[PDB]
$ cat my_file.cif   # mmCIF, C-alpha atoms and all ligand atoms
data_model
loop_
_atom_site.label_atom_id
_atom_site.label_comp_id
_atom_site.auth_asym_id
_atom_site.auth_seq_id
_atom_site.Cartn_x
_atom_site.Cartn_y
_atom_site.Cartn_z
CA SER S 7 6.67 -5.80 5.80
CA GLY S 8 4.45 -7.13 3.01
CA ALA S 9 3.91 -7.18 -0.74
CA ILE S 10 1.16 -7.72 -3.34
CA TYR S 11 1.82 -10.44 -5.96
CA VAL S 12 -0.39 -9.92 -9.11
CA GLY S 13 0.60 -11.48 -12.47
CA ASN S 14 4.38 -10.98 -12.83
CA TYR S 15 4.41 -7.89 -10.54
CA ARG S 16 5.48 -7.41 -6.93
CA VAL S 17 4.06 -4.22 -5.25
CA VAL S 18 5.93 -3.08 -2.12
CA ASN S 19 6.35 0.07 -0.07
CA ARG S 20 9.00 2.05 -1.98
CA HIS S 21 10.87 2.60 1.34
CA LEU S 22 11.15 -1.23 1.91
CA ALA S 23 12.12 -2.14 -1.71
CA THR S 24 15.21 -4.41 -2.00
CA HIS S 25 18.27 -4.34 -4.30
CA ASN S 26 16.44 -6.83 -6.57
CA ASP S 27 13.28 -4.68 -6.62
CA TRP S 28 15.33 -1.68 -7.89
CA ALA S 29 17.32 -3.78 -10.43
CA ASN S 30 13.92 -5.15 -11.70
CA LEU S 31 12.02 -1.84 -11.39
CA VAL S 32 8.77 -1.45 -13.37
CA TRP S 33 7.37 1.77 -11.77
CA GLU S 34 7.87 3.76 -8.54
CA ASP S 35 6.44 6.96 -7.09
CA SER S 36 8.09 8.50 -4.00
CA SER S 37 4.99 10.68 -3.29
CA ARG S 38 2.87 7.48 -3.10
CA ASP S 39 5.50 5.34 -1.25
CA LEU S 40 4.99 2.63 -3.94
CA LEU S 41 7.33 0.51 -6.05
CA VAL S 42 6.50 -2.24 -8.47
CA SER S 43 9.13 -4.76 -9.63
CA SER S 44 8.93 -7.65 -12.10
CA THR S 45 8.81 -11.31 -10.88
CA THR S 46 9.78 -14.77 -12.35
CA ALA S 47 6.71 -16.49 -10.82
CA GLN S 48 2.99 -15.69 -11.32
CA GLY S 49 1.23 -14.14 -8.27
CA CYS S 50 -2.21 -15.15 -6.94
CA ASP S 51 -3.56 -11.73 -5.79
CA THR S 52 -6.34 -9.74 -7.52
CA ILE S 53 -6.41 -5.92 -7.41
CA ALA S 54 -9.73 -4.32 -6.50
CA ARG S 55 -11.30 -2.15 -9.18
CA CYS S 56 -13.91 -0.22 -7.20
CA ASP S 57 -14.52 2.77 -4.88
CA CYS S 58 -15.08 0.71 -1.69
CA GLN S 59 -14.52 2.64 1.55
CA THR S 60 -14.79 -0.41 3.83
CA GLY S 61 -12.42 -3.38 4.10
CA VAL S 62 -10.12 -5.42 6.32
CA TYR S 63 -6.40 -4.74 6.92
CA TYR S 64 -3.71 -6.85 8.50
CA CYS S 65 -1.91 -5.23 11.44
CA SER S 66 1.36 -7.15 12.19
CA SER S 67 1.94 -5.21 15.47
CA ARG S 68 -1.37 -6.79 16.79
CA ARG S 69 -1.39 -10.09 14.78
CA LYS S 70 -4.97 -9.02 13.89
CA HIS S 71 -7.16 -8.36 10.85
CA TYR S 72 -9.28 -5.28 11.51
CA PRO S 73 -12.42 -4.24 9.67
CA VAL S 74 -12.17 -0.49 8.90
CA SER S 75 -13.85 2.43 7.10
CA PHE S 76 -11.33 4.52 5.11
CA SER S 77 -11.27 7.82 3.19
CA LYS S 78 -10.98 7.90 -0.63
CA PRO S 79 -7.39 8.24 -1.89
CA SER S 80 -6.23 11.90 -1.38
CA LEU S 81 -3.19 14.18 -0.92
CA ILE S 82 -2.38 14.19 2.80
CA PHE S 83 0.41 15.90 4.79
CA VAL S 84 2.47 13.18 6.52
CA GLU S 85 4.94 13.96 9.32
CA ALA S 86 8.63 13.01 8.87
CA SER S 87 9.50 9.31 9.35
CA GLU S 88 12.76 7.29 9.24
CA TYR S 89 12.32 7.09 5.42
CA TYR S 90 10.82 10.45 4.30
CA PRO S 91 10.86 14.06 5.44
CA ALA S 92 7.51 15.76 6.28
CA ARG S 93 5.70 16.00 2.90
CA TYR S 94 2.39 15.58 1.06
CA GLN S 95 1.77 11.91 0.29
CA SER S 96 -0.60 11.25 -2.67
CA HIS S 97 -3.17 8.46 -3.28
CA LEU S 98 -3.35 7.93 0.52
CA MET S 99 -6.43 6.52 2.36
CA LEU S 100 -6.89 7.03 6.15
CA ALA S 101 -8.67 4.89 8.70
CA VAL S 102 -8.95 4.98 12.47
CA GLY S 103 -6.83 2.08 13.64
CA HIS S 104 -3.46 0.92 14.97
CA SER S 105 -0.31 1.32 12.79
CA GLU S 106 3.45 1.17 13.62
CA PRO S 107 6.22 1.54 11.02
CA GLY S 108 6.84 -2.25 10.69
CA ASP S 109 3.12 -2.65 9.80
CA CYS S 110 3.97 -1.19 6.37
CA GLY S 111 3.05 -3.68 3.65
CA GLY S 112 -0.03 -4.98 5.49
CA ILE S 113 -2.73 -5.45 2.88
CA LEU S 114 -6.13 -3.66 2.93
CA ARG S 115 -8.70 -5.87 1.14
CA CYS S 116 -12.34 -5.36 0.07
CA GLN S 117 -14.80 -7.80 -1.61
CA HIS S 118 -13.14 -6.98 -5.00
CA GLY S 119 -9.55 -7.74 -3.92
CA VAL S 120 -6.48 -5.76 -2.79
CA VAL S 121 -7.18 -2.04 -2.19
CA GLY S 122 -3.76 -0.91 -0.90
CA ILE S 123 -0.89 -1.41 1.59
CA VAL S 124 -0.12 0.20 4.96
CA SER S 125 2.25 3.15 4.36
CA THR S 126 1.63 5.70 7.18
CA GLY S 127 0.14 6.04 10.65
CA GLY S 128 0.47 6.69 14.39
CA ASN S 129 -1.79 9.12 16.29
CA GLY S 130 -4.53 6.38 16.17
CA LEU S 131 -4.66 6.40 12.36
CA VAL S 132 -3.46 4.07 9.65
CA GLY S 133 -2.72 5.26 6.11
CA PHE S 134 -2.87 2.97 3.07
CA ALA S 135 -1.22 3.58 -0.31
CA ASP S 136 -4.01 2.90 -2.88
CA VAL S 137 -3.25 0.59 -5.85
CA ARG S 138 -6.73 0.39 -7.41
CA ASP S 139 -5.97 3.16 -9.97
CA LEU S 140 -2.93 1.20 -11.30
CA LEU S 141 -4.94 -0.58 -14.02
CA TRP S 142 -1.81 -1.88 -15.81
CA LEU S 143 -1.12 -4.29 -12.86
CA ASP S 144 -4.02 -6.43 -14.40
CA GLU S 145 -2.33 -6.88 -17.87
CA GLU S 146 1.00 -7.55 -19.74
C1 LIG E 201 -18.53 0.66 -1.62
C2 LIG E 201 -18.56 0.77 -0.13
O1 LIG E 201 -17.90 1.61 0.48
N1 LIG E 201 -19.39 -0.11 0.48
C3 LIG E 201 -19.38 -0.68 1.78
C4 LIG E 201 -19.59 0.09 2.93
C5 LIG E 201 -19.83 -0.51 4.16
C6 LIG E 201 -19.83 -1.89 4.29
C7 LIG E 201 -19.62 -2.69 3.17
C8 LIG E 201 -19.64 -4.10 2.92
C9 LIG E 201 -19.42 -4.28 1.60
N2 LIG E 201 -19.26 -3.06 0.98
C10 LIG E 201 -19.39 -2.07 1.92
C1 LIG E 202 7.09 5.11 6.66
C2 LIG E 202 6.56 4.86 8.04
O1 LIG E 202 7.28 4.84 9.02
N1 LIG E 202 5.22 4.61 8.11
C3 LIG E 202 4.43 4.36 9.25
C4 LIG E 202 3.43 3.40 9.16
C5 LIG E 202 2.58 3.15 10.23
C6 LIG E 202 2.69 3.87 11.40
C7 LIG E 202 3.69 4.82 11.55
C8 LIG E 202 4.08 5.73 12.59
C9 LIG E 202 5.11 6.46 12.10
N2 LIG E 202 5.41 6.07 10.82
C10 LIG E 202 4.55 5.06 10.46
ZN ZN E 203 -14.07 -2.99 -3.44
#

$ encode --input "my_file.cif" --output "structure tokens"
Amino acid sequence: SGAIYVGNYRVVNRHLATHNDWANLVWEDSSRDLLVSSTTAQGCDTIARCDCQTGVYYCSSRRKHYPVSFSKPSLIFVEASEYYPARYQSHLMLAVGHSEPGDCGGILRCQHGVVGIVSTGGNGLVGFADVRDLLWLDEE
């Protein structure tokens, strides 16, 4: 589990969005496994605006923050999960590291702020759904 709270937006894995997230939908993209919903309260998080390829992610299945190198956001074939059939996932960054399904929502951070959230993995990889291209999360 996990979310990003920036301005009056909540950014979650689409596959973990709640009833309230759908009722209060701002934007979602199945191919990215992202959903953004509106919030009452102001969030404290900053979104990175950068092309960093190094950062730190939170892995709930290890209770550990791991420094990683990751690929630039790309279109990657992802095997079937509980939530999606086997398909190409877009805006996805890969790193060598530990990931289990319930690690989804773990934040990946760089010096500039939030880079993305855990969305995929296994096989000794972790995949993050990038948010840095979503410039509108910084306004309105
Ligand atoms: C932009 C980018 O990928 N830079 C990068 C690479 C490796 C380490 C660090 C520490 C800060 N930035 C780092
Ligand atoms: C959607 C989903 O289940 N994502 C996910 C994240 C991290 C690791 C794994 C291993 C299978 N699936 C994973
Ligand atoms: Zn950065």

$ atom_distance --input "my_file.cif" --atom1 "CA of residue 78 (chain S)" --atom2 "CA of residue 136 (chain S)"
8.9 Å

$ residues_near_point --input "my_file.cif" --point "(-1.0, -3.1, 3.1)" --cutoff "7 Å" --atoms "all atoms listed in the file" --output "ChimeraX atom specification"
/S:8,63,110-114,122-124,134

$ closest_atom_pairs --input "my_file.cif" --of "chain S" --to "ligand LIG 201 (chain E)" --cutoff "7 Å" --atoms "all atoms listed in the file" --output "tab-separated table"
residue	atom	partner	partner_atom	distance
S:57	CA	E:LIG201	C1	5.6
S:58	CA	E:LIG201	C1	3.5
S:59	CA	E:LIG201	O1	3.7
S:60	CA	E:LIG201	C4	4.9
S:117	CA	E:LIG201	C9	6.6

$ closest_residue --input "my_file.cif" --among "S:61, S:108, S:13, S:49" --to "ligand LIG 202 (chain E)" --atoms "all atoms listed in the file"
S:108

$ residues_near_ligand --input "my_file.cif" --ligand "ligand LIG 202 (chain E)" --cutoff "12 Å" --atoms "all atoms listed in the file" --output "PyMOL selection string"
chain S and resi 7+19-22+36-40+64-67+84-93+95+98+100-112+123-135

$ axis_aligned_box --input "my_file.cif" --around "region 136-139 of chain S" --padding-each-side "5 Å" --output "JSON"
{"center_x": -5.0, "center_y": 1.8, "center_z": -6.4, "size_x": 13.5, "size_y": 12.8, "size_z": 17.1}

$ closest_residue --input "my_file.cif" --among "S:82, S:62, S:74, S:54" --to "residue 10 (chain S)" --atoms "all atoms listed in the file"
S:54

$ residues_around --input "my_file.cif" --residues "residue 12 (chain S)" --least-positions-apart "6" --cutoff "8 Å" --atoms "all atoms listed in the file" --output "VMD selection string"
chain S and resid 48 to 53 143 to 144

$ write_last_selection --input "my_file.cif" --atoms "C-alpha atoms" --output "compact mmCIF listing (two decimals), keeping the file's coordinate frame"
# COMPACT_ATOMS: atom_id res chain seq x y z
CA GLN S 48 2.99 -15.69 -11.32
CA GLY S 49 1.23 -14.14 -8.27
CA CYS S 50 -2.21 -15.15 -6.94
CA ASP S 51 -3.56 -11.73 -5.79
CA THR S 52 -6.34 -9.74 -7.52
CA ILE S 53 -6.41 -5.92 -7.41
CA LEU S 143 -1.12 -4.29 -12.86
CA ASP S 144 -4.02 -6.43 -14.40

$ atom_distance --input "my_file.cif" --atom1 "CA of residue 146 (chain S)" --atom2 "CA of residue 45 (chain S)"
12.4 Å

$ atom_distance --input "my_file.cif" --atom1 "CA of residue 94 (chain S)" --atom2 "CA of residue 32 (chain S)"
23.2 Å

$ closest_residue --input "my_file.cif" --among "S:11, S:33, S:83, S:76" --to "ligand ZN 203 (chain E)" --atoms "all atoms listed in the file"
S:76
